[PDB]
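Visitor: The following block contains the structure, expressed as structure tokens.
Number of protein chains: 2
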Amino acid sequence: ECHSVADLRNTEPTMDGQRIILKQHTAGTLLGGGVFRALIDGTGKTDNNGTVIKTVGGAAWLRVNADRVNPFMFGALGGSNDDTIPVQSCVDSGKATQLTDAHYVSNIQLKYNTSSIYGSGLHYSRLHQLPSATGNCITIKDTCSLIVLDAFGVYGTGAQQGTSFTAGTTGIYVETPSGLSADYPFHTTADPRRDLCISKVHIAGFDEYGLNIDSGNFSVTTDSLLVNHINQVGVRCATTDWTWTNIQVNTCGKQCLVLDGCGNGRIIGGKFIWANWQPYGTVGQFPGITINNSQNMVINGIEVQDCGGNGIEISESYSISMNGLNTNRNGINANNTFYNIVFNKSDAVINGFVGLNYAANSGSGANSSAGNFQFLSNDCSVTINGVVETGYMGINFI
Amino acid sequence: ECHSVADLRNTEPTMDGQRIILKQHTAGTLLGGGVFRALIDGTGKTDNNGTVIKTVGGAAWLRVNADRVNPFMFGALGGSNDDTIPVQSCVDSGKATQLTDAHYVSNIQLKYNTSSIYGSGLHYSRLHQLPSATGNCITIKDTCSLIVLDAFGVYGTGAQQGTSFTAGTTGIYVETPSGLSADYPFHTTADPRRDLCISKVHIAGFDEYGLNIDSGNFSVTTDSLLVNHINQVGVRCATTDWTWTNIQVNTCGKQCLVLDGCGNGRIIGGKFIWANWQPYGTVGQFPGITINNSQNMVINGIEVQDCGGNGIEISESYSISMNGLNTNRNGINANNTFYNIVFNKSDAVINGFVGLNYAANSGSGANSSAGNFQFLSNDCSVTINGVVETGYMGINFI
Ligand SMILES: [Cl-]
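So the sequence lines, in the order shown, correspond to chains B and A.
Residue numbers for the first sequence follow the authors' numbering, so the first one is 266 and each next one is one higher.
Residue numbers for the second sequence follow the authors' numbering, so the first one is 266 and each next one is one higher.
In structure tokens:
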């Protein structure tokens with residue numbers, strides 16, 4: 266067998282379709298091996314360092330691999346190695362990537378409609394940003410549509426509970442599109458239609474944002490996204506026309522969620538807890554959720570609980586519709602100070618509201634919200650329906 | 266080729282990285298074979314009977330297998346064979362498991378963040394509990410977090426329509442956590458943060474419970490869970506802080522769903538039909554859904570229909586919010602006797618209620634609910650809005 270791709274490049278096939286065995290990609294590693302088939306005439310093909318290897322006399326060895334690629338095929342070593350380049354080659358390869366293990370990277374870009382990534386769990390199959398890297402661990406570029414990101418973790422320096430972060434990092438960024446193509450869904454140039462699903466992905470341990478979807482991107486679907494341990498903002502969205510189902514964000518130093526300039530969004534099933542988490546040392550108050558400058562939002566079946574300051578702050582927003590909403594036991598950083606929903610120059614229709622303050626119910630004495638609603642201005646038009654005061658006994662008269 | 270792993274254990278390599286072909290795991294079967302590679306220095310590697318095989322001389326043979334394991338790698342035979350140990354070895358292996366076929370098991374435990382399981386369908390790829398086994402077919406242990414269970418069946422004795430059950434069986438049990446770790450998500454000891462996803466899993470044919478999530482577990486997500494043919498209770502949950510989407514439970518001898526001591530839960534999209542199923546012979550009335558001793562629940566877009574007794578019984582519960590609810594044509598075991606929603610010492614806000622009783626509409630004469638609402642106590646605080654009486658013609662004056 267050939268002992269490495271370096272030797273494969275020095276091995277000329279003598280017959281078309283010739284089978285060769287590659288022991289491993291890189292000498293002494295036993296990783297990334299496989300069977301390859303030769304094309305004597307290799308014009309048209311480009312060496313990519315893992316599934317198309319070209320020889321000195323211009324043949325192409327083709328890896329026999331019907332479906333997805335994995336970083337080991339392109340030279341990844343796992344462990345403490347920097348696997349950025351092999352991961353980047355996978356997503357650029359022309360096929361979906363499967364993550365089979367944990368791989369350190371610095372920054373990765375998804376560019377094509379083939380740049381899907383699949384794992385097998387929210388922890389063990391993962392990309393992990395190297396400690397000295399800054400910026401976005403994964404960026405979805407405006408040329409990338411119709412992909413799936415499914416069942417893997419995106420972890421940063423602070424991923425483990427109670428640990429410190431690398432400044433200036435983001436887990437997944439969706440960049441603002443710079444143009445509009447006219448050949449969707451076959452486009453290869455900038456286009457606003459992301460039309461992609463992020464499903465069962467776990468983001469943890471970044472500084473600025475877990476997930477940050479910038480303005481101008483349509484139909485970024487999330488489903489069962491799980492974000493935790495973010496030094497600042499768990500999830501930011503600044504765009505229009507999307508649906509998220511079953512989002513969960515937990516333990517953020519500032520907001521769990523920022524909606525800023527959003528429109529025509531749906532959130533269906535969500536849990537935002539432990540925002541403004543005091544050990545993360547953020548200076549100042551931030552709510553569990555900011556809804557700012559937004560409009561035509563439908564937010565159903567969410568909960569905001571155990572946040573250090575206000576629950577939900579709705580500001581300068583029109584036509585916010587919420588149906589089934591649980592906010593309780595926020596204001597945890599100073600007792601009897603903060604409120605579960607704060608309205609400022611906004612209009613909202615809230616139905617199915619509940620909010621049993623479990624600290625008042627148990628009589629624990631733990632810090633909790635002074636009450637459910639605060640109006641910071643008198644020009645809001647708001648309706649609220651539901652169980653505004655729960656009706657438990659009141660062991661501590663509150 | 267080596268004829269069996271037993272032979273492989275008696276085959277010393279004489280060159281590091283040496284390739285060997287294994288025809289099959291166990292003699293005669295033609296299953297579980299593949300290519301392996303030698304480590305002459307075996308130490309620090311443990312025989313696991315499918316992917317790491319140690320020789321009498323201390324070398325390790327390592328299966329060439331980048332991604333998921335399957336039970337056939339570890340000696341499973343399929344068909345009528347008890348594959349419990351092969352399947353247990355997979356979920357213990359350090360990688361996710363793929364089920365490629367139906368395997369009989371007695372009882373499996375999921376213990377690690379690597380213990381994911383994937384199939385390719387809600388039926389053909391499955392675990393099937395042996396008629397000789399009792400207890401939990403799958404137990405998720407309190408050390409197991411961040412896994413995915415996706416697209417496979419979990420079947421017991423009664424899975425086929427109209428068949429009998431083995432006493433004392435449960436499909437999937439999530440045990441009560443015995444401790445709290447301080448290094449999530451990298452924990453290896455008990456923790457309440459399950460943070461896992463059960464997606465497109467079909468549970469059928471168990472005695473006591475299809476799915477039973479015990480108290481103290483956070484964020485067990487379910488997505489497109491299908492439970493049917495359960496002798497007693499389709500799904501029981503007794504915990505807090507979770508979301509389920511598109512749950513369907515069909516044909517249970519007692520309740521389709523028990524929420525007992527739940528809080529801060531969301532169910533979005535659900536159908537619970539044919540509870541208190543008379544052929545399963547249970548003694549007594551059980552509702553489609555029991556909500557007992559619960560609080561701060563948001564339950565949107567569900568349907569309870571065709572159940573033998575009451576539709577939904579809400580008892581000793583605070584702050585139950587329901588937005589979009591369909592209950593009709595329950596009480597099928599005795600005409601004109603049972604009610605679609607029964608309130609007992611509970612508070613609730615129900616919006617977007619509908620309940621066209623299709624049997625009264627068609628004039629079939631089939632047994633159905635006496636009416637939509639019954640109050641067993643007068644200390645309830647309840648708001649109900651929607652279409653309380655549908656307004657069809659009334660062929661039989663009802
Ligand atoms: Cl909804």
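Even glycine gets a Cβ: it sits at the ideal position worked out from N, Cα and C.
(1) Would you tell me roughly how many angstroms separate the C-alpha atoms of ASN515 (chain A) and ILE649 (chain A), rounded to the nearest one?
(2) Could you give the residue range of the beta strand (DSSP E) that holds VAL485 (chain B)?
(3) Using 7 Å as the limit for Cβ to Cβ distance, is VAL619 (chain B) near chain A?
(4) Which runs of the beta strand (DSSP E) at least 3 residues long sit entirely within the region 509-583 of chain B? Give them in chain order.
(5) Beta-carbon of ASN565 (chain B) versus every beta-carbon of chain A: anything under 7 Å?
(6) Just curious, the alpha helix (DSSP H) that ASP347 (chain A) is in, first and last residue?
(7) May I ask you to check if the CB of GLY566 (chain A) is nearer than 6 Å to at least one heavy atom of ligand 1?
(8) Opposite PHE640 (chain B) in the DSSP bridges: which residues?
(9) Report the CB separation of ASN605 (chain A) from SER634 (chain A) in whole angstroms; it is logged as a contact under 8 Å.
(10) Is there a Cβ from chain B that is less than 7 Å from the Cβ of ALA503 (chain A)?
(11) Distance, Cα to Cα, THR379 (chain A) vs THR362 (chain A)?
(12) Using a Cβ-Cβ cutoff of less than 8 Å, which residues in the same chain neighbour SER443 (chain B) once the five nearest sequence positions on both sides are dropped?
(13) Pull up the distance between the alpha-carbon of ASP357 (chain A) and that of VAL548 (chain A), whole angstroms please.
(14) Decide if the region 424-436 of chain B is in contact with the region 494-510 of chain A; the criterion is three or more beta carbon pairs, one per stretch, under 8 Å apart.
(15) Counting contacts by CB-CB distance shorter than 7 Å, is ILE533 (chain B) in contact with chain A?
(16) Tell me which residue opens and which closes the beta strand (DSSP E) that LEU364 (chain B) is part of.
(17) Express the C-alpha separation of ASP460 (chain B) and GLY340 (chain B) in angstroms, rounding to a whole number.
(18) Please confirm whether any heavy atom of ligand 1 lies closer than 6 Å to the CB of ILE533 (chain A).
(19) Any idea if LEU641 (chain A) is buried or exposed, counting beta-carbon neighbours within 10 angstroms, 16 or more meaning buried?
(20) Mind listing which residues of the region 325-344 of chain B have their C-beta closer than 7 Å to chain A's C-betas, in chain order?
(21) To the nearest angstrom, report how far apart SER580 (chain B) and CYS517 (chain B) are at their CA atoms.
(22) Please say whether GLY553 (chain A) and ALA540 (chain A) have beta carbons closer to each other than 7 Å?
(23) Give me the residue from A:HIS268, A:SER629, A:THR435 and A:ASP347 with the minimum Cα distance to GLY400 (chain A).
(24) For the pair the region 556-563 of chain A and the region 589-597 of chain A, tell me if three or more CB-CB distances fall below 8 Å.
(25) According to DSSP, is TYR420 (chain A) helix, strand or coil?
(26) Determine the DSSP secondary structure at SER354 (chain A), reduced to helix, strand or coil.
(27) Using the Cα positions of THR508 (chain A) and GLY617 (chain A), report the straight-line distance between them to the nearest angstrom.
(28) Starting from residue 239 (chain B), follow the alpha helix (DSSP H) in both directions and report where the run begins and ends.
(29) For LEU295 (chain B) and chain A, any beta-carbon pair shorter than 7 Å?
(30) Measure the Cβ-Cβ separation of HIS393 (chain B) and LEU411 (chain A) and say whether it is below 7 Å.
(31) Just the Cα atoms here: how many angstroms apart are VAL523 (chain B) and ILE663 (chain B)?
(32) Could you tell me the alpha carbon to alpha carbon distance between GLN374 (chain B) and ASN493 (chain B), rounded to whole angstroms?
(33) Leaving out five residues before and five after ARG328 (chain B) in sequence, what residues of the same chain have Cβ atoms less than 6 Å from its Cβ?
(34) Counting contacts by CB-CB distance shorter than 7 Å, is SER390 (chain A) in contact with chain B?
(35) With DSSP collapsed to three states, give me the class of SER627 (chain A).
(36) If you count every other CB in all the chains shown that lies within 10 Å of the CB of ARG284 (chain B), and 16 or more means buried, which is it?
Guide: The answer reads as follows:
(1) 26 Å
(2) 483-488
(3) Any Cβ of chain A closer than 7 Å to the Cβ of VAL619 (chain B) would place that residue at the interface, and such an atom is present.
(4) 522-525, 528-538, 554-557, 562-570 and 577-580
(5) With 7 Å as the cut-off, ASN565 (chain B) counts as an interface residue toward chain A.
(6) From DSSP, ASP347 (chain A) is part of no alpha helix (DSSP H); its letter is neither H nor E.
(7) yes
(8) B:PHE608
(9) 5 Å between Cβ atoms; contact.
(10) no
(11) 9 Å
(12) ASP407 and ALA455
(13) 41 Å
(14) no
(15) yes
(16) Here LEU364 (chain B) belongs to no beta strand (DSSP E), and DSSP marks it neither H nor E.
(17) Cα-Cα distance, rounded: 31 Å.
(18) yes
(19) exposed
(20) Those residues of the region 325-344 of chain B that come within reach of chain A (Cβ to Cβ, closer than 7 Å) are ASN335 and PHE337.
(21) 21 Å
(22) yes
(23) If we check each option's Cα against that of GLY400 (chain A), A:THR435 comes out closest.
(24) no
(25) strand
(26) helix
(27) 21 Å
(28) Residue 239 (chain B) lies beyond the range of chain B shown here (266 to 663); nothing can be said about it.
(29) yes
(30) no
(31) 31 Å
(32) Approximately 22 Å between the Cα atoms of the pair.
(33) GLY299, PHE301 and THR316
(34) Using a CB distance cut-off of 7 Å, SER390 (chain A) does not count as an interface residue toward chain B.
(35) DSSP, read as helix, strand or coil, puts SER627 (chain A) in helix.
(36) exposed
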